[PDB]
């Protein structure tokens, strides 16, 4: 039995916008939960954020987590953008709402309930769990059943 919650995420998209999906592996308590869904019209970036959101949202109590992903978008957001978005009220320099603000605020809310360690893998050298995510994400995008409600061509 693992003392740290382990999460692995990936997201994929066939277009911009296009049908996309995500895959996430969660090792919580003594179980390994797997999440995956396809969305009819979304983006890669939104799928990459959705992966992390659904895994964290499954945690019912304060945990110590290690999240592993090769997503550059999550990484940049977490390491360069988030901190400043929050002080600016979630707006860009030109004064409009940040892109995918719906998902970033949703992710922010989840993050805030836990102690998180981020492990940025290289696409070609992730663990077996990341490769599995990629494959589920890819499969899900070939058979989308959900609608990505916050997706705008816009804002």
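Numbering follows the first chain given and starts at 1.
For the two regions 119-127 and 93-101, the entry's Cα B-factors average higher over 119-127.
Averaged over their C-alpha atoms, the temperature factors of 44-52 and 64-72 are higher for 64-72. The PDB entry gives the largest Cα B-factor of the residues 106, 86, 27, 114 to 86. Compared with the other modelled residues of the chain, the Cα B-factor recorded for residue 137 ranks in the lowest third. Looking at the C-alpha B-factors along this chain, the one for residue 16 belongs to the highest third.
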